[PDB]
Every structure is written in C-alpha cells, then in structure tokens.
Amino acid sequence: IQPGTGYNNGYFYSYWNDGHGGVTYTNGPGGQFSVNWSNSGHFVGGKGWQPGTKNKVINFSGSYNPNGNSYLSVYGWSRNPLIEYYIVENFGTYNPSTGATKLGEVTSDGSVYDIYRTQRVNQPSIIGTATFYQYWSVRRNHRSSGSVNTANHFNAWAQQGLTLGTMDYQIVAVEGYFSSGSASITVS
Ligand SMILES: O[C@@H]1[C@@H](O)[C@H](O[C@@H]2CO[C@@H](O[C@@H]3CO[C@@H](O)[C@H](O)[C@H]3O)[C@H](O)[C@H]2O)OC[C@H]1O
C-alpha cells in the first residue's frame, strides 16, 4: 500500500514516506503492522488512535530489528500549537537526541527517560509544510515490547514547559532514515 491514513481492523494507521523507495508497510490483523525496509528513504508508519489522548496506556509487542538509523516510538502530534512528539522505546544506530537541548528526566515503565526539545523548519507535518517544535522522551533501557503510560511523559514535559495543543493522531511507529531493517509490532 501507498502512503496514507485510515482505519484497518479497528485501528487507525498512518504510513508516510519521502517517496524514495525501499520500504514496505503492511497492515496485519487487529492492532498488528509490519515494516520491512532496505536502502529506504525517510519513512514513518504504525497503528494507534485518532485522536490520541493525554492519559492513554499504550501496549506494544513484537520484533524490531533495525540495521542502521531507525526508531521505535509512541509517536504523535498536537495542533494549535503544532507539535510532533516521541516516546522513543528503542532505536538503531542513531540517537535522535544527538545535539538536542535536554529539558529534564522522567522515570516511567521501568526505565529513566531523557527529555529533549528540537526544532523543525519548513518540514512535512500533519498540516503540510510547517515550522514546529518536537518533544522527545528517549528511553535509556531499550525494549521492543511493553506498556507506555503516556501521562507520565506529557506531565513531565508540561512541568518543564513543553506543553501540547489539541491531540491529533497517536500511534506506535517505526521510523527509518535511509537504512534497512524489519519490524513486526502489535498495538493495543
Ligand atoms: O497527506 C498529508 C500527509 O502526507 C501528511 O503526513 C505527515 C507528514 O509529516 C510527517 O512527519 C515527519 C515524519 O518524520 C519526522 O522525522 C519528521 O520530523 C516529520 O516532518 C508525518 O509523519 C505525516 O503524518 O499529513 C498531512 C496530510 O495532508
């Protein structure tokens, strides 16, 4: 399937890419999706909710085997203000917080997370080309299955001045940046 959003087997999904090639996104039954990629471009895909909420407890399980630059995250957006956010549970060779401004720490679901804010300028977004902040929680202890109590992150962020607008979609996402890998993830 081509990039798009919609509902599949009861779950919202979003699949986006930069058009390069080298990535196959597949919707499985229930909350399952797979991503297989090799010599990809930049892409983000996964399943979840539209809209997300600020208290959702998100469960994910399966396999995540990146070869290079990739993230596995609870991923979503707010509007008014436009914010792209991540709770990064695992990643490949590149830490997305590299060179980023650290805004605190939070402990949640069995690990410490480091909190960051970054800036995107004239980049793709859920409202088209836009300039926006990104908020990050990066898990210290990598894992490919677990539960994320999102409120712990949103609250810690807010305490540190990283506040959100109205919630748009909220998914468990596999993101890749010009790399290879595989993932098979079930969301609930
Ligand atoms: O049809 C439009 C969609 O194409 C559009 O999709 C979003 C475009 O921006 C994506 O965000 C990037 C994902 O990768 C990150 O590293 C970057 O920081 C982001 O720029 C987002 O994932 C897509 O959902 O949404 C609007 C539609 O009109």
Side-chain angles (χ1 to χ4, degrees), residues 1-38 40-64 66 69-91 96 118 120-137 144-145 147-148 150-151 153-154 157 164-179 181-188:
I1 66 140
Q2 297 269 31
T5 62
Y7 283 84
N8 173 265
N9 299 314
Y11 286 83
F12 179 80
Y13 75 95
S14 176
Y15 168 48
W16 171 89
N17 68 43
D18 63 3
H20 184 70
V23 47
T24 299
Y25 174 91
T26 310
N27 276 323
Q32 198 272 357
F33 70 94
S34 303
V35 197
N36 303 87
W37 72 105
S38 184
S40 74
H42 184 200
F43 66 86
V44 174
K47 272 184 172 173
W49 300 268
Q50 172 67 287
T53 73
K54 290 219 271 55
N55 291 283
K56 193 171 293 294
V57 184
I58 295 171
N59 315 291
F60 65 104
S61 59
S63 65
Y64 174 64
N69 188 347
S70 172
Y71 322 136
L72 173 68
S73 318
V74 167
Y75 169 78
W77 294 79
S78 70
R79 285 180 279 97
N80 197 24
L82 184 70
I83 301 289
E84 180 181 41
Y85 67 79
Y86 291 77
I87 298 162
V88 184
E89 295 297 284
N90 206 337
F91 62 76
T118 51
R120 296 280 279 160
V121 181
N122 297 320
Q123 295 294 341
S125 85
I126 54 158
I127 61 165
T129 304
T131 292
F132 53 94
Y133 279 133
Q134 311 172 285
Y135 302 162
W136 305 83
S137 278
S144 298
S145 304
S147 299
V148 173
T150 65
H153 297 276
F154 299 142
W157 293 353
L164 290 167
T166 190
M167 299 297 266
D168 202 85
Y169 72 67
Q170 180 177 68
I171 59 172
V172 178
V174 172
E175 172 161 357
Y177 187 80
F178 293 84
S179 63
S182 60
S184 182
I185 300 287
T186 303
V187 180
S188 64

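The first residue of the sequence shown is numbered 1, and numbering continues consecutively from there. Scope of the values below: all heavy atoms of this structure, side chains included, with no hydrogens, waters or symmetry mates.
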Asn27 vs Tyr15, test: side-chain contact (heavy atoms from CB on, under 4.5 Å). Steps then yes/no.
CA-CA 10 Å; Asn27 276 323; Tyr15 168 48; over 6 Å; no

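- Contact detail for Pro96 and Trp136: the closest heavy-atom pair is CB-CZ3, 3.4 Å.
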Pair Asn59, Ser147 - check side chain to side chain donor-acceptor pair (under 3.5 Å), show working.
CA-CA 4 Å; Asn59 315 291; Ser147 299; 2.7 Å; yes

List the steps and the verdict of side chain to side chain donor-acceptor pair (under 3.5 Å) for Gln123 and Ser125.
CA-CA 6 Å; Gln123 295 294 341; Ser125 85; over 6 Å; no

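- The closest side-chain donor-acceptor pair between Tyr169 and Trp77 falls under 3.5 angstrom.
- Listed for the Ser78 side chain is no donor-acceptor partner under 3.5 Å among the backbone atoms of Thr166.
- The side-chain heavy atoms of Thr5 and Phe12, taken from C-beta on, include a pair separated by under 4.5 Å.
- Between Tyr85 and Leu164, the closest side-chain pair of non-hydrogen atoms falls below 4.5 Å.
- Open room surrounds OH on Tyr177; 12 or fewer heavy atoms of other groups in view lie less than 6.0 Å from it.
- Contact check for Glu84 versus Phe132: side-chain heavy atoms found under the 4.5 Å cut-off.
- Using a 4.5 Å cut-off on side-chain heavy atoms (C-beta onward), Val74 and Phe60 make no contact.
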Test side-chain contact (heavy atoms from CB on, under 4.5 Å) applied to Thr150 and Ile58, step by step
CA-CA 7 Å; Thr150 65; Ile58 295 171; 3.8 Å; yes

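- Using modelled atom types, no side-chain atom of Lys54 and backbone atom of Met167 make a donor-acceptor pair closer than 3.5 Å.
- Taken to the nearest 0.5 Å, the CG atom of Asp168 stands 9.0 Å off from the CG atom of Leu82.
- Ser34 is not listed as a side-chain neighbour of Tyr25, based on a closest heavy-atom distance of 4.5 Å or more.
- Side-chain contact check for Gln32 versus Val187: every heavy-atom pair is 4.5 Å or farther apart.
- To the nearest 0.5 Å, the span separating CZ on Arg79 from CD1 on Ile127 amounts to 8.5 Å.
- The closest side-chain heavy-atom distance from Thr24 to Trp37 is not below 4.5 Å.
- Residue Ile185 holds its CD1 atom at 10.5 Å from CD of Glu89, rounded to the nearest 0.5 Å.
- Other residues, nucleotides and ligands place no more than 12 heavy atoms under 6.0 Å from the OH atom of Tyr133.
- Remark: side-chain polar atoms of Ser145 are paired, donor with acceptor, to backbone N or O of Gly62 under 3.5 angstrom.
- Between the side chain of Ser40 and the backbone N or O of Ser179 there is at least one donor-acceptor pair closer than 3.5 Å.
- Between the side chain of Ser137 and the backbone N or O of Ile87 there is no donor-acceptor pair closer than 3.5 Å.
- Using a distance-only test at 3.5 Å, with no hydrogens or angles considered, a donor-acceptor pair links the side chain of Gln170 to the main chain of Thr53.
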Run the numbers on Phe33 and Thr186 for side-chain contact (heavy atoms from CB on, under 4.5 Å), then give the verdict.
CA-CA 6 Å; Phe33 70 94; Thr186 303; over 6 Å; no

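- A donor-acceptor contact under 3.5 angstrom links the side chains of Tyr64 and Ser70, judged on distance only.
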Kindly determine whether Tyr71 and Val174 satisfy side-chain contact (heavy atoms from CB on, under 4.5 Å), including the steps that lead there.
CA-CA 6 Å; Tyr71 322 136; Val174 172; over 6 Å; no

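- The closest donor-acceptor contact from the side chain of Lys56 to the backbone of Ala151 lies at 3.5 Å or more, if one exists at all.
- The backbone N or O of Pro3 sits nowhere less than 3.5 Å from a side-chain atom of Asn17 that would complete a donor-acceptor pair.
- The line from CG of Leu72 to CZ of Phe91 is 11.5 Å long, rounded to the nearest 0.5 Å.
- Counting heavy atoms from C-beta outward, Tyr13 and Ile1 have side chains that approach closer than 4.5 Å.
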Please evaluate residues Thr129 and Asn122 with respect to the criterion side chain to side chain donor-acceptor pair (under 3.5 Å), reporting the C-alpha separation (whole Å), side-chain torsions for both, the decisive distance (0.1 Å), and the verdict.
CA-CA 5 Å; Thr129 304; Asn122 297 320; over 6 Å; no

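- Here the side chain of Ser73 pairs no donor or acceptor atom with the backbone of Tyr75 at under 3.5 angstrom.
- Rounded to the nearest 0.5 Å, atoms OH (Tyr86) and CD (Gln134) are 5.5 Å apart.
- Taken to the nearest 0.5 Å, the OH atom of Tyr135 stands 3.5 Å off from the CD1 atom of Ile83.
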